[PDB]
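Quick look at work_0.txt (compact mmCIF, C-alpha atoms):
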# COMPACT_ATOMS: atom_id res chain seq x y z
CA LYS A 1 0.00 0.00 0.00
CA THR A 2 1.32 3.41 -1.03
CA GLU A 3 0.48 6.96 0.06
CA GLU A 4 -0.67 9.86 -2.11
CA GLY A 5 1.28 8.71 -5.16
CA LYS A 6 0.81 12.04 -6.93
CA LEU A 7 3.14 13.39 -9.62
CA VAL A 8 3.32 16.47 -11.84
CA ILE A 9 4.73 15.96 -15.34
CA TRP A 10 5.41 19.16 -17.27
CA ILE A 11 5.26 18.62 -21.03
CA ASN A 12 4.25 20.69 -24.06
CA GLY A 13 4.93 20.02 -27.73
CA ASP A 14 2.02 18.29 -29.46
CA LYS A 15 0.97 15.13 -27.62
CA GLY A 16 1.91 12.74 -24.83
CA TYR A 17 -0.64 13.66 -22.17
CA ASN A 18 -3.04 11.10 -23.65
CA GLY A 19 -0.45 8.35 -23.39
CA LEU A 20 0.76 9.29 -19.92
CA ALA A 21 -2.83 9.36 -18.67
CA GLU A 22 -3.25 5.67 -19.47
CA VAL A 23 -0.27 4.92 -17.22
CA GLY A 24 -1.83 6.86 -14.36
CA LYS A 25 -5.34 5.40 -14.56
CA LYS A 26 -3.70 1.98 -14.18
CA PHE A 27 -1.54 3.04 -11.23
CA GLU A 28 -4.33 4.73 -9.24
CA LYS A 29 -6.25 1.54 -9.98
CA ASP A 30 -4.47 0.09 -6.96
CA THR A 31 -5.86 2.76 -4.61
CA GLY A 32 -3.81 5.98 -4.66
CA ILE A 33 -1.73 6.84 -7.73
CA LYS A 34 -2.78 9.77 -9.92
CA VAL A 35 -0.49 11.75 -12.23
CA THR A 36 -1.02 15.28 -13.55
CA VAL A 37 -0.15 16.44 -17.06
CA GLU A 38 0.34 20.17 -17.63
CA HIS A 39 2.37 22.47 -19.88
CA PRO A 40 5.19 24.75 -18.61
CA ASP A 41 4.50 28.49 -18.60
CA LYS A 42 5.23 30.00 -15.18
CA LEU A 43 7.37 27.16 -13.81
CA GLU A 44 10.37 29.36 -14.65
CA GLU A 45 9.49 31.40 -11.56
CA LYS A 46 7.92 28.57 -9.55
CA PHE A 47 11.12 26.54 -9.89
CA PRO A 48 12.99 28.52 -7.17
CA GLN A 49 9.81 28.31 -5.08
CA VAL A 50 9.22 24.58 -5.56
CA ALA A 51 12.93 23.76 -5.41
CA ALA A 52 12.71 23.79 -1.61
CA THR A 53 9.25 22.23 -1.42
CA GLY A 54 6.31 24.10 -2.92
CA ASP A 55 4.11 21.02 -3.24
CA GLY A 56 5.84 17.69 -3.77
CA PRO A 57 6.64 16.05 -7.15
CA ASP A 58 8.26 17.82 -10.12
CA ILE A 59 9.34 16.44 -13.50
CA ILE A 60 9.79 18.41 -16.72
CA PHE A 61 10.86 17.23 -20.17
CA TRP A 62 13.55 19.41 -21.75
CA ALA A 63 16.64 19.20 -23.97
CA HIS A 64 20.02 18.01 -22.71
CA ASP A 65 21.54 21.36 -21.74
CA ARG A 66 18.10 22.85 -21.07
CA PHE A 67 17.64 20.51 -18.10
CA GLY A 68 20.79 18.43 -17.76
CA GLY A 69 22.92 21.48 -18.43
CA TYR A 70 21.01 23.79 -16.12
CA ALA A 71 20.01 21.33 -13.40
CA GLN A 72 23.64 20.23 -13.18
CA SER A 73 24.42 23.67 -11.75
CA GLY A 74 21.28 23.87 -9.63
CA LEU A 75 19.87 20.75 -7.99
CA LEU A 76 19.42 17.53 -9.97
CA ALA A 77 18.81 14.06 -8.54
CA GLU A 78 22.38 12.82 -8.96
CA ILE A 79 21.79 9.08 -9.22
CA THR A 80 24.48 6.55 -8.29
CA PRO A 81 26.03 3.82 -10.49
CA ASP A 82 24.16 0.71 -9.37
CA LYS A 83 21.52 -0.29 -11.92
CA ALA A 84 24.29 -0.12 -14.53
CA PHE A 85 25.34 -3.54 -13.24
CA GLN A 86 22.05 -5.41 -13.63
CA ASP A 87 21.16 -3.18 -16.58
CA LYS A 88 24.39 -3.88 -18.46
CA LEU A 89 23.90 -0.68 -20.47
CA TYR A 90 26.54 0.90 -22.71
CA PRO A 91 29.47 3.02 -21.42
CA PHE A 92 29.24 5.47 -24.31
CA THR A 93 25.72 6.37 -23.20
CA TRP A 94 26.88 7.03 -19.64
CA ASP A 95 30.23 8.62 -20.49
CA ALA A 96 28.35 11.12 -22.66
CA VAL A 97 26.78 12.52 -19.49
CA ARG A 98 29.59 12.28 -16.94
CA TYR A 99 30.08 15.57 -15.10
CA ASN A 100 32.69 15.45 -12.33
CA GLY A 101 31.42 12.12 -11.03
CA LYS A 102 27.62 12.05 -10.84
CA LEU A 103 24.53 11.43 -12.96
CA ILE A 104 22.73 14.73 -13.54
CA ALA A 105 21.09 13.89 -16.87
CA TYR A 106 18.53 11.32 -18.00
CA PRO A 107 18.05 10.98 -21.80
CA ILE A 108 14.72 9.51 -22.88
CA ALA A 109 14.39 10.59 -26.52
CA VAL A 110 17.18 10.47 -29.09
CA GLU A 111 16.31 12.85 -31.93
CA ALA A 112 18.64 14.26 -34.57
CA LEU A 113 18.86 15.38 -38.20
CA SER A 114 20.18 13.45 -41.20
CA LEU A 115 20.14 13.12 -44.99
CA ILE A 116 17.71 10.89 -46.89
CA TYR A 117 18.61 9.02 -50.08
CA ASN A 118 17.28 6.39 -52.48
CA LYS A 119 18.43 3.47 -54.63
CA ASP A 120 16.71 4.39 -57.90
CA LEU A 121 17.34 7.96 -59.06
CA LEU A 122 19.40 9.33 -56.17
CA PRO A 123 23.20 8.96 -56.54
CA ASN A 124 25.05 8.26 -53.29
CA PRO A 125 27.44 10.80 -51.67
CA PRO A 126 30.69 11.05 -53.70
CA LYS A 127 32.87 12.33 -50.86
CA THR A 128 32.74 16.01 -49.90
CA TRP A 129 30.62 19.05 -50.77
CA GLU A 130 33.03 20.00 -53.56
CA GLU A 131 31.46 17.10 -55.48
CA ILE A 132 27.89 18.29 -54.85
CA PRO A 133 28.06 20.50 -58.02
CA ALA A 134 28.92 17.45 -60.13
CA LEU A 135 25.69 15.74 -59.05
CA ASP A 136 23.57 18.75 -59.98
CA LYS A 137 25.00 19.23 -63.48
CA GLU A 138 24.54 15.49 -64.02
CA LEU A 139 21.02 15.29 -62.59
CA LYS A 140 19.76 18.33 -64.51
CA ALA A 141 21.18 16.67 -67.63
CA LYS A 142 18.07 14.47 -67.54
CA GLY A 143 15.40 16.16 -65.45
CA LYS A 144 16.41 16.42 -61.79
CA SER A 145 18.66 18.25 -59.34
CA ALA A 146 21.00 17.59 -56.41
CA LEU A 147 20.27 20.45 -54.01
CA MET A 148 17.03 21.78 -52.51
CA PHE A 149 16.68 23.37 -49.07
CA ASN A 150 16.32 26.60 -47.11
CA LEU A 151 19.00 29.29 -46.87
CA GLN A 152 18.12 31.70 -44.06
CA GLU A 153 17.23 28.90 -41.64
CA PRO A 154 18.50 28.71 -38.02
CA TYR A 155 20.86 26.02 -36.74
CA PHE A 156 21.81 25.47 -40.39
CA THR A 157 24.18 28.22 -41.54
CA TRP A 158 25.83 28.40 -38.11
CA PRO A 159 26.89 24.70 -37.95
CA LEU A 160 27.99 24.90 -41.58
CA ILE A 161 30.33 27.86 -41.18
CA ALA A 162 31.07 26.65 -37.65
CA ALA A 163 32.95 23.47 -38.54
CA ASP A 164 34.32 24.86 -41.80
CA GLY A 165 37.34 26.76 -40.51
CA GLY A 166 36.60 28.68 -37.33
CA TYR A 167 34.18 30.85 -35.38
CA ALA A 168 34.11 30.34 -31.61
CA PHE A 169 37.00 27.96 -30.92
CA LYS A 170 39.35 25.50 -32.62
CA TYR A 171 38.72 21.76 -32.39
CA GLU A 172 41.86 19.62 -32.13
CA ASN A 173 41.27 15.89 -31.69
CA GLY A 174 38.13 16.73 -29.74
CA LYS A 175 39.32 19.69 -27.68
CA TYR A 176 37.76 23.13 -27.30
CA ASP A 177 39.51 26.32 -26.19
CA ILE A 178 38.52 28.63 -23.34
CA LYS A 179 39.89 32.14 -23.85
CA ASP A 180 41.00 31.56 -27.44
CA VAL A 181 38.56 32.67 -30.14
CA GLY A 182 39.08 32.06 -33.85
CA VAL A 183 36.48 34.29 -35.48
CA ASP A 184 39.04 36.59 -37.09
CA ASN A 185 40.37 33.85 -39.38
CA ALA A 186 40.26 33.08 -43.10
CA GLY A 187 38.25 29.96 -42.32
CA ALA A 188 35.36 31.67 -40.55
CA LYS A 189 35.40 34.35 -43.26
CA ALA A 190 35.55 31.93 -46.19
CA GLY A 191 32.50 30.19 -44.74
CA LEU A 192 30.19 33.13 -44.08
CA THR A 193 31.32 34.54 -47.42
CA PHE A 194 30.34 31.31 -49.18
CA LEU A 195 26.88 30.85 -47.65
CA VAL A 196 26.14 34.57 -48.10
CA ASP A 197 27.21 34.88 -51.74
CA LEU A 198 25.03 31.86 -52.51
CA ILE A 199 22.00 34.11 -52.01
CA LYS A 200 23.14 37.22 -53.89
CA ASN A 201 24.71 34.97 -56.52
CA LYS A 202 21.36 33.29 -57.21
CA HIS A 203 18.33 35.59 -57.38
CA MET A 204 19.74 38.58 -55.46
CA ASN A 205 16.24 38.85 -53.98
CA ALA A 206 15.72 35.97 -51.55
CA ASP A 207 12.05 35.09 -52.05
CA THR A 208 12.28 31.58 -50.58
CA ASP A 209 10.39 30.91 -47.35
CA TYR A 210 10.52 27.94 -44.98
CA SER A 211 7.58 26.17 -46.58
CA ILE A 212 8.74 27.22 -50.05
CA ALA A 213 12.44 26.42 -49.83
CA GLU A 214 11.38 23.17 -48.18
CA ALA A 215 8.73 22.45 -50.81
CA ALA A 216 11.48 22.23 -53.43
CA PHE A 217 12.65 18.79 -52.31
CA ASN A 218 9.24 17.87 -50.92
CA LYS A 219 7.79 18.61 -54.36
CA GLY A 220 9.17 15.33 -55.69
CA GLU A 221 12.54 13.84 -54.77
CA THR A 222 15.98 15.34 -55.36
CA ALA A 223 19.46 14.65 -54.02
CA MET A 224 18.62 16.77 -50.97
CA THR A 225 16.06 15.82 -48.32
CA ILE A 226 16.59 16.63 -44.64
CA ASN A 227 14.07 15.93 -41.88
CA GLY A 228 13.52 18.22 -38.90
CA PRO A 229 10.93 19.69 -36.48
CA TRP A 230 7.95 19.34 -38.82
CA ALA A 231 7.06 15.71 -39.52
CA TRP A 232 9.27 13.08 -37.90
CA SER A 233 6.46 10.53 -37.65
CA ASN A 234 3.49 9.77 -39.91
CA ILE A 235 2.24 6.32 -38.91
CA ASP A 236 3.78 4.68 -41.97
CA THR A 237 5.18 5.33 -45.45
CA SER A 238 6.22 3.66 -48.70
CA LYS A 239 8.87 4.83 -51.17
CA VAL A 240 10.28 1.53 -52.45
CA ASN A 241 13.70 2.22 -50.93
CA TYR A 242 14.83 4.92 -48.50
CA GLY A 243 17.80 5.27 -46.17
CA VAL A 244 19.80 7.74 -44.10
CA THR A 245 23.37 8.98 -44.54
CA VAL A 246 25.69 11.30 -42.61
CA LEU A 247 26.36 14.84 -43.83
CA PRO A 248 29.39 15.28 -46.16
CA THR A 249 32.58 17.05 -45.09
CA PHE A 250 33.49 20.57 -46.18
CA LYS A 251 36.97 22.04 -46.64
CA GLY A 252 38.17 19.32 -44.27
CA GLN A 253 35.22 18.52 -42.02
CA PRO A 254 31.39 18.83 -42.04
CA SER A 255 29.25 21.07 -39.83
CA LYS A 256 29.12 20.67 -36.05
CA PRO A 257 25.95 18.70 -35.17
CA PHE A 258 24.97 17.03 -31.90
CA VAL A 259 22.65 14.47 -30.30
CA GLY A 260 19.15 15.52 -29.30
CA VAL A 261 18.43 13.67 -26.06
CA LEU A 262 15.61 14.83 -23.78
CA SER A 263 16.62 15.24 -20.14
CA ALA A 264 13.78 14.32 -17.78
CA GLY A 265 13.78 13.56 -14.06
CA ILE A 266 13.31 14.83 -10.52
CA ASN A 267 15.04 17.85 -8.99
CA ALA A 268 17.45 16.83 -6.22
CA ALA A 269 15.30 13.70 -5.76
CA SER A 270 13.81 15.56 -2.79
CA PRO A 271 10.16 14.46 -3.23
CA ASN A 272 10.29 10.67 -2.88
CA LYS A 273 13.81 9.68 -3.95
CA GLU A 274 12.90 5.98 -3.96
CA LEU A 275 9.55 6.14 -5.76
CA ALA A 276 11.04 8.74 -8.11
CA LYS A 277 13.73 6.45 -9.51
CA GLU A 278 11.55 3.34 -9.22
CA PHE A 279 8.63 5.08 -10.93
CA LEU A 280 10.95 6.18 -13.74
CA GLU A 281 12.46 2.70 -14.10
CA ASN A 282 9.27 0.71 -13.53
CA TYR A 283 6.95 3.16 -15.29
CA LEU A 284 8.78 5.02 -18.06
CA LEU A 285 11.84 3.16 -19.34
CA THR A 286 10.39 -0.33 -19.80
CA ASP A 287 8.55 -2.55 -22.28
CA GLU A 288 5.19 -1.39 -20.93
CA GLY A 289 6.42 2.11 -20.14
CA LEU A 290 7.48 3.39 -23.56
CA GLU A 291 4.68 1.18 -24.93
CA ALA A 292 2.42 4.17 -24.31
CA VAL A 293 4.48 6.90 -25.97
CA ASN A 294 6.09 4.68 -28.62
CA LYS A 295 2.53 3.81 -29.68
CA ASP A 296 0.33 6.73 -28.65
CA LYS A 297 2.71 9.53 -29.64
CA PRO A 298 5.82 8.21 -31.47
CA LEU A 299 8.89 10.32 -32.22
CA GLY A 300 12.04 8.39 -31.34
CA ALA A 301 13.57 5.46 -29.49
CA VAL A 302 15.64 4.85 -26.36
CA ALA A 303 19.27 3.72 -26.16
CA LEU A 304 18.53 0.28 -24.72
CA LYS A 305 21.06 -2.37 -25.75
CA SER A 306 18.38 -5.07 -25.64
CA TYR A 307 15.68 -3.04 -27.39
CA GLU A 308 18.33 -1.77 -29.81
CA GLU A 309 18.15 -5.21 -31.43
CA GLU A 310 14.62 -4.57 -32.68
CA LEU A 311 14.77 -0.77 -32.49
CA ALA A 312 17.39 -0.91 -35.25
CA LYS A 313 14.48 -1.56 -37.62
CA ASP A 314 13.52 2.11 -37.20
CA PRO A 315 15.59 4.82 -38.98
CA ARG A 316 14.98 7.32 -36.17
CA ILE A 317 17.77 5.89 -34.02
CA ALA A 318 19.67 4.55 -37.03
CA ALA A 319 20.25 8.13 -38.16
CA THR A 320 21.28 9.42 -34.73
CA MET A 321 23.55 6.46 -33.97
CA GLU A 322 25.40 7.26 -37.21
CA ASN A 323 26.78 10.59 -35.99
CA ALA A 324 26.54 9.56 -32.34
CA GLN A 325 28.74 6.53 -33.07
CA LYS A 326 31.88 8.67 -33.23
CA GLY A 327 30.69 11.57 -31.09
CA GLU A 328 28.08 14.33 -30.97
CA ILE A 329 27.18 16.14 -27.75
CA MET A 330 26.02 19.76 -27.57
CA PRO A 331 28.37 21.64 -25.17
CA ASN A 332 27.45 24.43 -22.76
CA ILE A 333 29.41 27.55 -23.78
CA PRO A 334 27.36 30.37 -22.16
CA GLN A 335 29.03 32.93 -24.43
CA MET A 336 26.76 31.60 -27.18
CA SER A 337 23.92 33.48 -25.49
CA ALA A 338 25.42 36.85 -26.42
CA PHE A 339 26.59 35.56 -29.80
CA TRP A 340 22.93 35.00 -30.68
CA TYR A 341 22.59 38.77 -31.03
CA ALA A 342 25.74 39.06 -33.14
CA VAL A 343 24.90 36.15 -35.44
CA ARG A 344 21.68 37.96 -36.34
CA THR A 345 23.04 41.44 -37.05
CA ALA A 346 25.95 39.74 -38.80
CA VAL A 347 23.97 37.41 -41.07
CA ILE A 348 20.66 39.28 -41.27
CA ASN A 349 22.28 42.61 -42.16
CA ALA A 350 24.77 40.98 -44.53
CA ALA A 351 21.77 39.35 -46.22
CA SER A 352 20.15 42.78 -46.68
CA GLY A 353 22.45 43.47 -49.62
CA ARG A 354 24.12 46.58 -48.22
CA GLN A 355 26.32 44.84 -45.65
CA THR A 356 29.54 42.82 -45.67
CA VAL A 357 30.92 40.21 -43.28
CA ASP A 358 34.12 42.27 -43.09
CA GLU A 359 32.17 44.72 -40.93
CA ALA A 360 30.35 42.28 -38.66
CA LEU A 361 33.55 40.25 -38.41
CA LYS A 362 36.15 43.01 -38.08
CA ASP A 363 33.93 45.21 -35.92
CA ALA A 364 33.12 42.16 -33.80
CA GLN A 365 36.81 41.41 -33.29
CA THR A 366 37.10 44.74 -31.46
CA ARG A 367 33.93 44.27 -29.41
CA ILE A 368 34.63 40.62 -28.58
CA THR A 369 38.03 41.65 -27.22
CA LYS A 370 37.11 44.93 -25.55

Please express the file's structure as structure tokens.
Amino acid sequence: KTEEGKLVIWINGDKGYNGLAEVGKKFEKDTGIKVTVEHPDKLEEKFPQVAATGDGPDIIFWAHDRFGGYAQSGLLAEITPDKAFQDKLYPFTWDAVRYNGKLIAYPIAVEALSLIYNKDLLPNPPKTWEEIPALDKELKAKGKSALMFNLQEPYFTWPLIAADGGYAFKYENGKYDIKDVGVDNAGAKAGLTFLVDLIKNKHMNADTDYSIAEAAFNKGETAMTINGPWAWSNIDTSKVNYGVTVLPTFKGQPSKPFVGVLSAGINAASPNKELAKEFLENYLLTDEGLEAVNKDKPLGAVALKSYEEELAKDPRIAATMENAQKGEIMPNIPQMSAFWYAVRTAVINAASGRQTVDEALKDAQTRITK
């Protein structure tokens, strides 16, 4: 016999409340287990109020750094390495979230971007981007193309010119700098200059929207189809043959992507530390657990070694594991917060037609320093 058994799950995106409800109705069925499903809006202020107590439970679903990156420096239920024995999970999954020597991050949704291809009229990747032009001239020779996507989209131009030569820091064998910026370099310039000229060197107008620029590839099927926050799941599909491949390098190496794992859990495991972990292990990350979300509201898959055997059938994880195989974890870097304002005035203005990167770059070199 339990007591109260009440929990508050904060989620908001599209669905999930319907699936989580089924799990609660079954729990309370015993005689005292009801869960609440609400969307976050004022929790930002209630957090510091509920952190000490407030009510009782508290579990919100957020990105890796959003929760695991923030909670790590606040008050997260740092679990101990015990279940890892009977669980026999993978070290790469744990090492990915190893801060100091505790567990302040629980991933329960691996989502990432990738490139789609075919085995009929879609030539495979030659090697690097330099070859991309050869596929277009060849495709058009008949009645197709090898490039169709947005241009002024976020999290697209940044990662491209980010891992092209330089911008924030230099990566050497997987090592980032601290007080050493590399924005004032030929690499960072050659990149922004390439992605920018592509616009003025095309229609010098820029009349392609998100739904338009995206409709290009979605209009039929070209050598360029990337999935994102729009339609990851659709019950089922049929295109004869379809697969996923990793992005091609550029001037040495491709953009700088990362894994999209959702960090969910209790804060400091204050409210029921036992039931909290047990409820998450025996009512969230299990055959019956995910059975609700994986069926009710699908989107991705977990990183279970056992389930991975059958989960491999799905491309969702197959695409993430590709880049995640070698390494892909979004860092913290708080300086990025301020850069968000510079990246706009730098790109946006430069895209106006009466602005050059030399200004946003050179002028920034003086501001960034002093």

For the contact check between segment 89-195 of chain A and segment 53-72 of chain A, emit one row per residue of segment 89-195 of chain A within 8 Å, containing the shortest atom pair and the distance in Å rounded to one decimal, counting all atoms listed in the file, chain then rising number order, as a Markdown table.
| residue | atom | partner | partner_atom | distance |
| --- | --- | --- | --- | --- |
| A:104 | CA | A:72 | CA | 5.6 |
| A:105 | CA | A:68 | CA | 4.6 |
| A:106 | CA | A:68 | CA | 7.5 |
| A:107 | CA | A:64 | CA | 7.4 |

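Distances to residue 42 of chain A were evaluated for A:250, A:258, A:10, A:176 using only C-alpha atoms, and the minimum falls at A:10.
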
Residue among A:356, A:110, A:187, A:35 lying closest to residue 22 of chain A, counting only C-alpha atoms =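 For residue 22 of chain A, the nearest of the given residues is A:35.
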
Compare A:39, A:127, A:175, A:83 by their minimum atom-to-atom distance to residue 331 of chain A, counting only C-alpha atoms, and give me the closest one.
->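 Using only C-alpha atoms, the shortest distance to residue 331 of chain A belongs to A:175.
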
List as a list in words: which residues have an atom within 8 Å of (21.0, 19.0, -46.1), counting only C-alpha atoms?
-> residues 114, 115, 149, 224, 225, 226 and 247 of chain A

What would the file look like if the residues just selected were written as a PDB file, in the frame of the given file with C-alpha atoms?
ATOM      1  CA  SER A 114      20.180  13.450 -41.200  1.00  0.00           C
ATOM      2  CA  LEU A 115      20.140  13.120 -44.990  1.00  0.00           C
ATOM      3  CA  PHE A 149      16.680  23.370 -49.070  1.00  0.00           C
ATOM      4  CA  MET A 224      18.620  16.770 -50.970  1.00  0.00           C
ATOM      5  CA  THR A 225      16.060  15.820 -48.320  1.00  0.00           C
ATOM      6  CA  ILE A 226      16.590  16.630 -44.640  1.00  0.00           C
ATOM      7  CA  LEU A 247      26.360  14.840 -43.830  1.00  0.00           C
TER       8      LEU A 247
END

Residues within 10 Å of residue 327 of chain A, only C-alpha atoms, excluding chain neighbours under 5 positions, as an NGL selection string | :A and (92 or 96 or 174 or 257-259 or 321-322)

So that I can see what lies close to segment 195-209 of chain A, please list as an mmCIF file with C-alpha atoms, keeping the file's coordinate frame the residues with an atom at most 8 Å from it, counting all atoms listed in the file and leaving out residues fewer than 5 positions away in the same chain.
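See part.cif below for the written result:
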data_model
loop_
_atom_site.group_PDB
_atom_site.id
_atom_site.type_symbol
_atom_site.label_atom_id
_atom_site.label_comp_id
_atom_site.auth_asym_id
_atom_site.auth_seq_id
_atom_site.Cartn_x
_atom_site.Cartn_y
_atom_site.Cartn_z
ATOM 1 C CA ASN A 150 16.320 26.600 -47.110
ATOM 2 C CA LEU A 151 19.000 29.290 -46.870
ATOM 3 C CA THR A 157 24.180 28.220 -41.540
ATOM 4 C CA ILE A 161 30.330 27.860 -41.180
ATOM 5 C CA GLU A 214 11.380 23.170 -48.180
ATOM 6 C CA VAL A 347 23.970 37.410 -41.070
ATOM 7 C CA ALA A 350 24.770 40.980 -44.530
ATOM 8 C CA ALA A 351 21.770 39.350 -46.220
ATOM 9 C CA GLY A 353 22.450 43.470 -49.620
#

Residue nearest residue 316 of chain A - candidates A:112, A:295, A:328, A:140, atoms counted: only C-alpha atoms |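 The answer is A:112, which sits nearest to residue 316 of chain A.
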
So which residues touch residue 30 of chain A within 12 Å, counting all atoms listed in the file, skipping near sequence neighbours fewer than 3 positions away, as JSON, numbers by chain?
-> {"A": [1, 2, 3, 4, 5, 24, 25, 26, 27, 33, 34]}

Keeping C-alpha atoms for every residue in the selection just given, could you write it to a file as a short mmCIF file (atom, residue, chain, number, x, y, z; two decimals), in the coordinates of the input?
data_model
loop_
_atom_site.label_atom_id
_atom_site.label_comp_id
_atom_site.auth_asym_id
_atom_site.auth_seq_id
_atom_site.Cartn_x
_atom_site.Cartn_y
_atom_site.Cartn_z
CA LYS A 1 0.00 0.00 0.00
CA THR A 2 1.32 3.41 -1.03
CA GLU A 3 0.48 6.96 0.06
CA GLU A 4 -0.67 9.86 -2.11
CA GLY A 5 1.28 8.71 -5.16
CA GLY A 24 -1.83 6.86 -14.36
CA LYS A 25 -5.34 5.40 -14.56
CA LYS A 26 -3.70 1.98 -14.18
CA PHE A 27 -1.54 3.04 -11.23
CA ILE A 33 -1.73 6.84 -7.73
CA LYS A 34 -2.78 9.77 -9.92
#

Atom pair atom CA of residue 9 of chain A + atom CA of residue 113 of chain A, distance 26.9 Å

Could you work out how far atom CA of residue 329 of chain A lies from atom CA of residue 184 of chain A, giving the answer in Å with one decimal?
-> 25.4 Å

Test item: which residues lie within 12 Å of (12.6, 0.5, -32.4) counting only C-alpha atoms, as number ranges by chain = A: 109-110, 287, 290-291, 294-295, 298-318

Using atom CA of residue 143 of chain A and atom CA of residue 222 of chain A as the two end points, give the distance in Å to one decimal.
->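 Going from atom CA of residue 143 of chain A over to atom CA of residue 222 of chain A, I get 10.1 Å.
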
Between A:246, A:268, A:292, A:262, which is the closest to residue 116 of chain A once you count only C-alpha atoms?
->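 Between A:246, A:268, A:292, A:262, the residue approaching residue 116 of chain A most closely is A:246.
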
Within 8 Å of residue 183 of chain A using only C-alpha atoms, minus same-chain residues under 5 positions, as number ranges by chain | A: 166-169, 188-189, 361, 365

For residue 158 of chain A, please output as a PyMOL selection string all residues within 9 Å (counting only C-alpha atoms; exclusion window: fewer than 5 positions along the same chain).
-> chain A and resi 163+192+255-256+343

Mind giving me the axis-aligned box for segment 261-277 of chain A with 3 Å on every side, centre plus edges in Å to one decimal, as JSON?
{"center_x": 14.0, "center_y": 11.9, "center_z": -14.4, "size_x": 14.9, "size_y": 17.9, "size_z": 29.3}

Identify which of the residues A:221, A:263, A:29, A:276 lies closest to residue 242 of chain A, counting only C-alpha atoms when measuring atom-to-atom distances.
->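 Once distances to residue 242 of chain A are computed over only C-alpha atoms, the minimum belongs to A:221.
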
Starting from the incomplete input, reconstruct N, CA, C and O atoms of segment 269-280 of chain A and write that as a compact mmCIF listing (two decimals), in the frame of the given file.
# COMPACT_ATOMS: atom_id res chain seq x y z
N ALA A 269 15.96 14.89 -6.29
CA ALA A 269 15.30 13.70 -5.76
C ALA A 269 14.74 13.95 -4.36
O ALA A 269 14.65 13.03 -3.54
N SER A 270 14.36 15.19 -4.09
CA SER A 270 13.81 15.56 -2.79
C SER A 270 12.49 14.84 -2.53
O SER A 270 12.37 14.07 -1.57
N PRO A 271 11.47 15.08 -3.38
CA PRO A 271 10.16 14.46 -3.23
C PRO A 271 10.17 12.98 -3.63
O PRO A 271 10.08 12.65 -4.81
N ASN A 272 10.27 12.11 -2.63
CA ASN A 272 10.29 10.67 -2.88
C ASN A 272 11.45 10.29 -3.79
O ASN A 272 11.30 10.21 -5.01
N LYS A 273 12.62 10.05 -3.19
CA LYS A 273 13.81 9.68 -3.95
C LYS A 273 13.72 8.23 -4.42
O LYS A 273 14.26 7.87 -5.47
N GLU A 274 13.05 7.40 -3.63
CA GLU A 274 12.90 5.98 -3.96
C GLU A 274 11.85 5.79 -5.05
O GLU A 274 12.14 5.22 -6.10
N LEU A 275 10.64 6.26 -4.79
CA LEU A 275 9.55 6.14 -5.76
C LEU A 275 9.88 6.87 -7.06
O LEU A 275 9.45 6.46 -8.14
N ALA A 276 10.65 7.95 -6.94
CA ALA A 276 11.04 8.74 -8.11
C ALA A 276 11.81 7.89 -9.11
O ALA A 276 11.42 7.78 -10.28
N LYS A 277 12.90 7.29 -8.65
CA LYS A 277 13.73 6.45 -9.51
C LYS A 277 12.98 5.18 -9.92
O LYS A 277 13.02 4.78 -11.09
N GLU A 278 12.31 4.56 -8.96
CA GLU A 278 11.55 3.34 -9.22
C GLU A 278 10.43 3.59 -10.22
O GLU A 278 10.19 2.79 -11.12
N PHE A 279 9.74 4.72 -10.05
CA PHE A 279 8.63 5.08 -10.93
C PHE A 279 9.13 5.36 -12.34
O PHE A 279 8.42 5.12 -13.32
N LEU A 280 10.36 5.86 -12.45
CA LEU A 280 10.95 6.18 -13.74
C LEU A 280 11.52 4.93 -14.40
O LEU A 280 11.63 4.86 -15.63
